[PDB]
């Protein structure tokens, strides 16, 4: 089972480090300064074509808050298999709880893939 991955540029850290099972770390694609109580979409510099029928889950690393003072506004990001365009680059939605500077190459979040949910039928009933 493979994942085709495209990098924003030749300087981005190749996350080619994985296929053992652990969540894979993602890094800021450049320097980012976020002021307290400000929102900023941090470029992760990667675009992927996930396996058919799969999706990716993105959450911050356990040390992201302590290190950068940010939280992921959407709690857990979901990247569907259809998000495989040549320009579909990933971003980490960050809300700064304190002035913070994120350096290019800094690990800020992580992800893993999972099979999408089975097809369902939402049938309306008047009483439950």
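Between two forms, the rigid core is defined as the largest C-alpha subset superposing within 1.5 Å. Positions refer to the first chain, counted from 1.
- Take 8-16 and 100-108, fit the other structures onto the shown form by the rigid core, and average the C-alpha distances in 4 other deposited structures of this protein: the farther stretch is 8-16.
- If you average the C-alpha B-factors over 72-80 and over 85-93, the higher value belongs to 85-93.
- Looking at mean Cα B-factors across 21-29 and 8-16, the upper value is held by 8-16.
- Ranked against the other modelled residues of its chain, the C-alpha B-factor of residue 40 as given in the entry falls in the middle third.
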